[PDB]
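Given next, in structure tokens, is a single chain: the form deposited in one PDB entry.
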């Protein structure tokens, strides 16, 4: 029975998913090219699945060390403990000033051209990426290079040839970068990894490259998607945009509801048992595959009321946009501070911000290859 993918509203979960979940939060279904796993759609259930260490992870449709996202234990746990040791709350909080300066520079450029602009190119894709460039200690004069190579590999309208080329060049640049930090260390996170406590000498150029490239895809893709879709969604919900413009102290809460309303987690691991297990009272044989649908769980009417209303005033609750358990996003705190600053500054600084074109004209894609809006033409009052 094939999982509903089709959207009659581009901001909302696929129409079928609600009926499936109400029937069977845990249930058999047929996938992409599938093949044919357990679909988990309930909030309690997706939470009990991600939480249970007797499932292991697999790339969704190969690692390796320091990339975390698809590593099994024991090395996911030790690799994560290594990275987490320099990639910390303080290093993340410490980045606020950078994040405001980068967001101001990009709004500065946009005010210079005047509108309309495409917010996706000129801002949503460029900020996350430049914040990673700072985190990696990329100097001012190497920044254009770093944007271009990162943007290039992220670009999705090209033959397999050119895509693979642009990735290989990213790999190559990050290798070059790890070596420059070996030669001339500073404060960035790559320097601090090179000196981390490492008894089994696990942190080698390859571990740094895997970990740096994971951080950077997380920013350049997921965070970028989340700024373009959420802007789009807010510029298409006047009641909410009004609350936000009267009372910007609601930004942090609007950021939390944007994450619950839009997060799909296409990238987050198929689980597999390990051994037998009951989830939601349903018997999962070891090693059948399990797909956690976090969008569905975040729209489970047992988790929040009227889950399809987009309401920036909801009480805080723990949504699952950042996963849960062993693999829960180790960057959620940088994502929450970037999003907070991005949205507070964009709406203050571009009064009247609105779509340039009516909303049925935007083009979306909703898969693993790509998730969000291809361009976001906006204008505002000059």
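Positions refer to the first chain, counted from 1. Rigid core (definition): largest C-alpha set, two forms, superposition within 1.5 Å.
Keep in mind that the form deposited in another entry is not shown, yet the notes after this line are about it.
Just one of 234, 166, 264, 255 moves its Cα by 2 Å or more between the shown form and the other one on a rigid core overlay, and this residue is 264. Taking 2 Å as the criterion, residue 370 counts as shifted between the shown form and the other one: its C-alpha moves by at least this amount when the rigid core is aligned.
Core-superposed comparison between the shown form and the other one: the CA of residue 12 exceeds or equals a 2 Å shift. Compared with the form shown, the residue 368-residue 78 C-alpha separation increases in the other form, the change being 3 Å or greater. Relative to the displayed conformation, the Cα-Cα distance from residue 266 to residue 262 shrinks by 3 Å or more in the other form.
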